[PDB]
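Okay, final-v4.pdb now, which holds PDB, C-alpha atoms (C1' of nucleotides) and all ligand atoms:
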ATOM      1  CA  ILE A  17     -17.715 -39.412  16.544
ATOM      2  CA  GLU A  18     -17.869 -35.946  14.976
ATOM      3  CA  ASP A  19     -16.307 -34.081  17.908
ATOM      4  CA  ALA A  20     -12.772 -35.505  17.801
ATOM      5  CA  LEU A  21     -12.491 -34.781  14.083
ATOM      6  CA  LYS A  22     -13.204 -31.066  14.478
ATOM      7  CA  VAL A  23     -10.973 -30.984  17.569
ATOM      8  CA  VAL A  24      -7.998 -32.492  15.730
ATOM      9  CA  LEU A  25      -8.566 -30.293  12.683
ATOM     10  CA  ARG A  26      -8.554 -27.223  14.937
ATOM     11  CA  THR A  27      -5.425 -28.412  16.762
ATOM     12  CA  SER A  28      -3.687 -28.899  13.409
ATOM     13  CA  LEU A  29      -4.999 -25.646  11.918
ATOM     14  CA  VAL A  30      -3.597 -23.529  14.751
ATOM     15  CA  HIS A  31      -0.205 -25.279  14.533
ATOM     16  CA  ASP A  32      -0.173 -25.859  10.737
ATOM     17  CA  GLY A  33      -0.835 -29.575  10.720
ATOM     18  CA  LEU A  34      -3.368 -29.832   7.899
ATOM     19  CA  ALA A  35      -1.936 -30.946   4.562
ATOM     20  CA  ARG A  36      -4.867 -29.283   2.827
ATOM     21  CA  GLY A  37      -4.896 -31.101  -0.507
ATOM     22  CA  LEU A  38      -3.484 -34.308  -1.936
ATOM     23  CA  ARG A  39       0.015 -33.468  -3.212
ATOM     24  CA  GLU A  40       1.009 -32.110   0.196
ATOM     25  CA  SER A  41      -0.845 -35.066   1.712
ATOM     26  CA  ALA A  42       1.085 -37.514  -0.473
ATOM     27  CA  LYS A  43       4.410 -35.864   0.381
ATOM     28  CA  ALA A  44       3.607 -35.883   4.108
ATOM     29  CA  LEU A  45       2.593 -39.551   3.993
ATOM     30  CA  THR A  46       5.744 -40.465   2.059
ATOM     31  CA  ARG A  47       7.766 -38.635   4.702
ATOM     32  CA  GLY A  48       7.417 -39.346   8.400
ATOM     33  CA  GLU A  49       4.869 -36.561   8.729
ATOM     34  CA  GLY A  50       1.237 -37.512   8.168
ATOM     35  CA  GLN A  51      -0.168 -38.789  11.457
ATOM     36  CA  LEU A  52      -3.808 -38.939  10.315
ATOM     37  CA  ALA A  53      -5.743 -38.909   7.037
ATOM     38  CA  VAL A  54      -9.387 -38.070   6.301
ATOM     39  CA  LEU A  55     -10.592 -38.659   2.744
ATOM     40  CA  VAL A  56     -13.967 -38.866   1.027
ATOM     41  CA  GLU A  57     -15.195 -41.803  -1.046
ATOM     42  CA  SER A  58     -17.526 -39.559  -3.095
ATOM     43  CA  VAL A  59     -14.691 -38.900  -5.543
ATOM     44  CA  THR A  60     -15.070 -39.401  -9.281
ATOM     45  CA  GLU A  61     -13.033 -42.246 -10.874
ATOM     46  CA  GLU A  62     -11.917 -43.224  -7.367
ATOM     47  CA  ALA A  63      -8.212 -43.489  -8.229
ATOM     48  CA  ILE A  64      -7.159 -40.709  -5.841
ATOM     49  CA  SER A  65      -8.654 -42.582  -2.886
ATOM     50  CA  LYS A  66      -6.939 -45.779  -4.043
ATOM     51  CA  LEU A  67      -3.602 -43.952  -4.215
ATOM     52  CA  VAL A  68      -4.205 -42.533  -0.732
ATOM     53  CA  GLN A  69      -4.908 -46.014   0.594
ATOM     54  CA  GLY A  70      -1.474 -46.905  -0.759
ATOM     55  CA  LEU A  71       0.104 -43.915   0.960
ATOM     56  CA  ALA A  72      -1.314 -45.036   4.312
ATOM     57  CA  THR A  73      -0.373 -48.678   3.696
ATOM     58  CA  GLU A  74       3.355 -47.941   3.882
ATOM     59  CA  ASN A  76       1.414 -42.932   9.787
ATOM     60  CA  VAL A  77      -1.107 -45.739   9.259
ATOM     61  CA  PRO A  78      -4.541 -44.638  10.550
ATOM     62  CA  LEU A  79      -7.121 -43.266   8.117
ATOM     63  CA  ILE A  80     -10.657 -41.914   8.458
ATOM     64  CA  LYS A  81     -13.505 -42.297   5.964
ATOM     65  CA  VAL A  82     -15.626 -39.159   6.409
ATOM     66  CA  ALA A  83     -17.930 -38.352   3.473
ATOM     67  CA  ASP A  84     -19.233 -34.951   2.231
ATOM     68  CA  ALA A  85     -16.089 -33.533   0.637
ATOM     69  CA  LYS A  86     -17.509 -30.002   0.446
ATOM     70  CA  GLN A  87     -18.680 -30.215   4.053
ATOM     71  CA  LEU A  88     -15.352 -31.843   4.950
ATOM     72  CA  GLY A  89     -13.546 -28.770   3.655
ATOM     73  CA  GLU A  90     -16.098 -26.532   5.371
ATOM     74  CA  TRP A  91     -15.416 -27.948   8.839
ATOM     75  CA  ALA A  92     -11.754 -28.486   7.905
ATOM     76  CA  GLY A  93     -11.077 -24.763   8.350
ATOM     77  CA  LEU A  94     -10.350 -23.925   4.707
ATOM     78  CA  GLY A  95     -12.985 -21.196   4.858
ATOM     79  CA  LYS A  96     -12.318 -17.662   6.053
ATOM     80  CA  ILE A  97     -15.769 -17.945   7.743
ATOM     81  CA  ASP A  98     -15.920 -14.250   8.654
ATOM     82  CA  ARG A  99     -19.650 -14.218   9.416
ATOM     83  CA  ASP A 100     -21.467 -16.755  11.562
ATOM     84  CA  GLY A 101     -22.674 -18.464   8.393
ATOM     85  CA  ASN A 102     -20.610 -19.667   5.459
ATOM     86  CA  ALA A 103     -19.393 -16.621   3.529
ATOM     87  CA  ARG A 104     -17.941 -18.496   0.523
ATOM     88  CA  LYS A 105     -19.758 -20.197  -2.349
ATOM     89  CA  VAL A 106     -17.805 -23.470  -2.586
ATOM     90  CA  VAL A 107     -14.696 -24.771  -0.821
ATOM     91  CA  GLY A 108     -13.628 -28.339  -0.088
ATOM     92  CA  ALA A 109     -10.695 -30.707   0.292
ATOM     93  CA  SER A 110     -10.318 -34.125  -1.312
ATOM     94  CA  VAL A 111      -7.813 -35.288   1.330
ATOM     95  CA  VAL A 112      -6.885 -33.799   4.710
ATOM     96  CA  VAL A 113      -3.739 -34.968   6.505
ATOM     97  CA  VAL A 114      -2.979 -34.216  10.156
ATOM     98  CA  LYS A 115       0.766 -33.904  10.790
ATOM     99  CA  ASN A 116       1.095 -32.057  14.112
ATOM    100  CA  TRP A 117      -1.015 -33.478  16.935
ATOM    101  CA  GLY A 118      -0.913 -30.172  18.834
ATOM    102  CA  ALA A 119      -3.158 -30.078  21.876
ATOM    103  CA  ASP A 120      -4.525 -33.433  23.021
ATOM    104  CA  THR A 121      -8.028 -34.245  24.272
ATOM    105  CA  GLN A 122      -8.928 -37.545  25.924
ATOM    106  CA  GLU A 123     -12.007 -38.372  23.846
ATOM    107  CA  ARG A 124     -10.026 -37.896  20.630
ATOM    108  CA  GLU A 125      -7.205 -40.180  21.795
ATOM    109  CA  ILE A 126      -9.671 -42.910  22.760
ATOM    110  CA  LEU A 127     -11.204 -42.503  19.296
ATOM    111  CA  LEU A 128      -7.857 -42.772  17.509
ATOM    112  CA  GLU A 129      -6.948 -45.839  19.571
ATOM    113  CA  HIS A 130     -10.322 -47.343  18.632
ATOM    114  CA  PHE A 131      -9.804 -46.625  14.933
ATOM    115  CA  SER A 132      -6.299 -48.082  15.132
ATOM    116  CA  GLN A 133      -7.809 -51.229  16.657
ATOM    117  CA  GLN A 134     -10.417 -51.395  13.858
TER     118      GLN A 134
ATOM    119  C1'   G B   1      -8.547 -33.293  -7.638
ATOM    120  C1'   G B   2      -3.958 -26.244  -7.377
ATOM    121  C1'   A B   3      -5.995 -19.251  -6.353
ATOM    122  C1'   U B   4      -0.864 -19.319  -7.148
ATOM    123  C1'   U B   5       4.935 -18.866  -6.484
ATOM    124  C1'   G B   6       9.774 -20.063  -7.935
ATOM    125  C1'   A B   7      13.564 -22.548 -10.999
ATOM    126  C1'   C B   8      18.596 -26.249 -13.122
ATOM    127  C1'   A B   9      19.748 -26.742 -18.050
ATOM    128  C1'   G B  10      19.351 -25.037 -22.911
ATOM    129  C1'   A B  11      16.860 -21.033 -27.246
ATOM    130  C1'   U B  12      16.372 -15.493 -26.118
ATOM    131  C1'   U B  13      18.834 -11.740 -23.952
ATOM    132  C1'   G B  14      24.094  -7.563 -22.620
ATOM    133  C1'   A B  15      23.689 -10.348 -18.941
ATOM    134  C1'   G B  16      25.162 -16.064 -14.347
ATOM    135  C1'   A B  17      17.288 -11.832 -15.910
ATOM    136  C1'   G B  18      12.851 -18.508 -15.366
ATOM    137  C1'   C B  19      12.519 -11.375 -18.349
ATOM    138  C1'   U B  20       9.948 -14.601 -22.470
ATOM    139  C1'   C B  21       9.768 -19.858 -24.692
ATOM    140  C1'   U B  22      11.422 -25.940 -24.787
ATOM    141  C1'   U B  23      10.268 -29.275 -21.492
ATOM    142  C1'   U B  24       9.088 -30.540 -16.674
ATOM    143  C1'   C B  25       9.727 -30.073 -11.134
ATOM    144  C1'   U B  26       8.832 -26.955  -6.716
ATOM    145  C1'   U B  27       5.354 -23.892  -3.719
ATOM    146  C1'   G B  28       1.136 -23.653  -0.523
ATOM    147  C1'   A B  29      -4.152 -19.187   0.432
ATOM    148  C1'   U B  30       0.279 -14.625   1.230
ATOM    149  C1'   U B  31      -1.931 -14.484  -3.618
ATOM    150  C1'   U B  32      -4.176 -14.216  -9.226
ATOM    151  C1'   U B  33      -8.619 -11.316 -12.781
ATOM    152  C1'   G B  34     -12.586  -7.705 -12.519
ATOM    153  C1'   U B  35     -15.185  -3.308  -9.509
ATOM    154  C1'   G B  36     -14.708   0.448  -6.105
ATOM    155  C1'   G B  37     -10.922   2.731  -3.793
ATOM    156  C1'   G B  38      -5.791   3.858  -2.403
ATOM    157  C1'   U B  39      -0.792   4.825  -2.998
ATOM    158  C1'   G B  40       3.647   6.408  -5.898
ATOM    159  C1'   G B  41       5.108  10.454  -9.035
ATOM    160  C1'   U B  42      12.706  15.757  -9.574
ATOM    161  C1'   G B  43       4.445  14.837 -13.783
ATOM    162  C1'   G B  44       1.881  20.142 -14.802
ATOM    163  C1'   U B  45       0.193  24.635 -12.473
ATOM    164  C1'   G B  46       4.980  29.402  -7.740
ATOM    165  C1'   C B  47      -0.863  33.065 -12.270
ATOM    166  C1'   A B  48      -4.202  28.062  -6.641
ATOM    167  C1'   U B  49      -1.024  27.865  -1.862
ATOM    168  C1'   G B  50       2.258  27.485   2.817
ATOM    169  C1'   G B  51       7.297  28.101   4.507
ATOM    170  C1'   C B  52      11.704  30.383   3.212
ATOM    171  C1'   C B  53      14.541  33.655   0.730
ATOM    172  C1'   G B  54      15.317  37.882  -2.732
ATOM    173  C1'   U B  55      13.839  42.751  -4.027
ATOM    174  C1'   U B  56      11.360  47.536  -3.508
ATOM    175  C1'   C B  57      15.090  49.491   0.705
ATOM    176  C1'   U B  58      20.319  50.167   3.883
ATOM    177  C1'   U B  59      17.417  53.864   2.940
ATOM    178  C1'   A B  60      14.472  56.093   7.643
ATOM    179  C1'   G B  61      10.325  55.187   7.186
ATOM    180  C1'   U B  62       5.413  53.543   9.313
ATOM    181  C1'   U B  63       1.050  53.192  12.489
ATOM    182  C1'   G B  64      -3.359  53.545  15.350
ATOM    183  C1'   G B  65      -6.212  56.102  20.619
ATOM    184  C1'   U B  66      -8.684  60.777  22.564
ATOM    185  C1'   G B  67      -8.401  65.993  20.350
ATOM    186  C1'   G B  68      -8.656  69.908  15.943
ATOM    187  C1'   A B  69      -9.996  70.854  10.276
ATOM    188  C1'   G B  70     -12.697  69.109   6.315
ATOM    189  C1'   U B  71     -19.827  66.837   3.784
ATOM    190  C1'   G B  72     -16.127  63.770   2.100
ATOM    191  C1'   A B  73     -12.019  60.662   0.232
ATOM    192  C1'   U B  74      -8.199  62.427   3.654
ATOM    193  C1'   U B  75      -5.520  65.559   6.865
ATOM    194  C1'   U B  76      -2.895  67.617  11.775
ATOM    195  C1'   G B  77       0.150  64.571  15.491
ATOM    196  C1'   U B  78       4.635  62.830  11.213
ATOM    197  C1'   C B  79       6.772  70.475  11.055
ATOM    198  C1'   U B  80       9.513  76.897   9.807
ATOM    199  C1'   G B  81      14.510  76.184  11.087
ATOM    200  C1'   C B  82      19.397  73.987  13.027
TER     201        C B  82
HETATM  202 MG    MG C   1       9.016  12.825  -5.460
HETATM  203 MG    MG C   2      10.815   8.595 -11.614
HETATM  204 MG    MG C   3       5.072  34.238  -7.018
HETATM  205 MG    MG C   4      12.698  46.859   5.712
HETATM  206 MG    MG C   5      -9.500  61.842  14.715
HETATM  207 MG    MG C   6       0.293  62.211   7.483
END

Rewrite the structure from the file as structure tokens, please.
Ligand SMILES: [Mg+2]
Ligand SMILES: [Mg+2]
Ligand SMILES: [Mg+2]
Ligand SMILES: [Mg+2]
Ligand SMILES: [Mg+2]
Ligand SMILES: [Mg+2]
Amino acid sequence: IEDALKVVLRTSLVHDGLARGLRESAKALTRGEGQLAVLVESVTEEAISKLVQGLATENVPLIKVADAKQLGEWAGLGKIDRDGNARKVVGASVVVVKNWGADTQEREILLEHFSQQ
RNA sequence: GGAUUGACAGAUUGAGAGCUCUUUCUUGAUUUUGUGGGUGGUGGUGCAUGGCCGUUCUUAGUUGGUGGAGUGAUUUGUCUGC
């Protein structure tokens, strides 16, 4: 569901858990750091997503949310001073959650479900 | 899918300065380039100013209130003496 994703992104934004990008994401996945990964399939030439898959194959669970620009928007990359979006364009190709921070029950049931697949 | 940051080694440099280049690696929204604006300045103006000090002046000199004289600026009080 949509709720657990925003909850986990908030809990990793406040405690610096988001590997906002792909190089930091790749380094976190290579290390014992990246506990979750959200990436978009609407990526040109698709090789970055394939490389990410590989990173998660070796810290396993991944999420397949679309709308890269929207993904960055609700990923907290924006300063979002006003109520509405105050920046033209901002987005993230890959988001990696390292620090689980605060825990909510619905989100943990969701991550167990996505682990079960 | 990199605003950016930093650097081993060499050219360069006086430098063991990643100042600049060769290559590449690191770093994550603090930044970078433009506008407004702001700071910093033993920059200018002591002939824009404050404060302070110096000097006129180490002398004994100043001042206003009622009163008198002048239309008045001013004067007497602040003086002939000792
Ligand atoms: Mg100065
Ligand atoms: Mg100077
Ligand atoms: Mg003067
Ligand atoms: Mg005097
Ligand atoms: Mg009089
Ligand atoms: Mg007199």

Expected answer as a list in words: residues within 9 Å of ligand MG 5 (chain C), only C-alpha atoms (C1' of nucleotides) and all ligand atoms: residues 65, 66, 67 and 68 of chain B

Output of the PyMOL selection byres (((chain B and resi 19-26) around 10) and not hetatm), listed as a ChimeraX atom specification: /B:5-8,10-13,17-18,27

Near-ligand residues for ligand MG 2 (chain C), threshold 12 Å, all atoms listed in the file, as a PyMOL selection string: chain B and resi 40-43

As a PDB file with C-alpha atoms (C1' of nucleotides), keeping the file's coordinate frame, please: every protein or nucleic acid residue near ligand MG 6 (chain C) (cut-off 9 Å, counting all atoms listed in the file).
ATOM      1  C1'   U B  75      -5.520  65.559   6.865  1.00  0.00           C
ATOM      2  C1'   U B  76      -2.895  67.617  11.775  1.00  0.00           C
ATOM      3  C1'   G B  77       0.150  64.571  15.491  1.00  0.00           C
ATOM      4  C1'   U B  78       4.635  62.830  11.213  1.00  0.00           C
TER       5        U B  78
END

Two-atom distance - atom CA of residue A:105, atom CA of residue A:19 (Å):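 According to the coordinates, atom CA of residue A:105 and atom CA of residue A:19 are separated by 24.8 Å.
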
Within 9 Å of chain B: residues of chain A, using only C-alpha atoms (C1' of nucleotides), as a ChimeraX atom specification: /A:36-38,40,59,64,94,109-110

Distance filter 12 Å around ligand MG 3 (chain C), atoms: all atoms listed in the file, out as a ChimeraX atom specification: /B:46-49,54

Length of the atom CA of residue A:122 to atom CA of residue A:21 vector [Å]: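 Distance reported for this atom pair: 12.7 Å.
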
Nearby residues, ligand MG 4 (chain C), 9 Å, only C-alpha atoms (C1' of nucleotides) and all ligand atoms, as JSON, numbers by chain: {"B": [57, 58, 59, 61]}

As JSON, please report the centre and edge lengths, rounded to one decimal in Å, of the axis-aligned box that holds all listed atoms of stretch 39-42 of chain B with 8 Å of padding on each of the six sides.
{"center_x": 6.0, "center_y": 10.3, "center_z": -6.3, "size_x": 29.5, "size_y": 26.9, "size_z": 22.6}

Distance in Å - atom CA of residue A:130 versus atom CA of residue A:20: 12.1 Å

Using only C-alpha atoms: which of A:29, A:80, A:53, A:88 has the shortest distance to residue A:107: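 So, comparing all the options, the nearest one is A:88.
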
Hits from the PyMOL selection byres (((chain B and resi 32) around 10) and not hetatm), listed as JSON, numbers by chain: {"B": [3, 4, 31, 33]}

Counting only C-alpha atoms (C1' of nucleotides), select every polymer residue within 12 Å of (-15.5, -39.9, -4.8) as defined in the file's coordinates, and provide the selection as a PDB file with C-alpha atoms (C1' of nucleotides), in the coordinates of the input.
ATOM      1  CA  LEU A  55     -10.592 -38.659   2.744  1.00  0.00           C
ATOM      2  CA  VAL A  56     -13.967 -38.866   1.027  1.00  0.00           C
ATOM      3  CA  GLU A  57     -15.195 -41.803  -1.046  1.00  0.00           C
ATOM      4  CA  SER A  58     -17.526 -39.559  -3.095  1.00  0.00           C
ATOM      5  CA  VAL A  59     -14.691 -38.900  -5.543  1.00  0.00           C
ATOM      6  CA  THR A  60     -15.070 -39.401  -9.281  1.00  0.00           C
ATOM      7  CA  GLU A  61     -13.033 -42.246 -10.874  1.00  0.00           C
ATOM      8  CA  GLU A  62     -11.917 -43.224  -7.367  1.00  0.00           C
ATOM      9  CA  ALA A  63      -8.212 -43.489  -8.229  1.00  0.00           C
ATOM     10  CA  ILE A  64      -7.159 -40.709  -5.841  1.00  0.00           C
ATOM     11  CA  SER A  65      -8.654 -42.582  -2.886  1.00  0.00           C
ATOM     12  CA  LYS A  66      -6.939 -45.779  -4.043  1.00  0.00           C
ATOM     13  CA  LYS A  81     -13.505 -42.297   5.964  1.00  0.00           C
ATOM     14  CA  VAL A  82     -15.626 -39.159   6.409  1.00  0.00           C
ATOM     15  CA  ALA A  83     -17.930 -38.352   3.473  1.00  0.00           C
ATOM     16  CA  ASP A  84     -19.233 -34.951   2.231  1.00  0.00           C
ATOM     17  CA  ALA A  85     -16.089 -33.533   0.637  1.00  0.00           C
ATOM     18  CA  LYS A  86     -17.509 -30.002   0.446  1.00  0.00           C
ATOM     19  CA  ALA A 109     -10.695 -30.707   0.292  1.00  0.00           C
ATOM     20  CA  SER A 110     -10.318 -34.125  -1.312  1.00  0.00           C
ATOM     21  CA  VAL A 111      -7.813 -35.288   1.330  1.00  0.00           C
TER      22      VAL A 111
ATOM     23  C1'   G B   1      -8.547 -33.293  -7.638  1.00  0.00           C
TER      24        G B   1
END
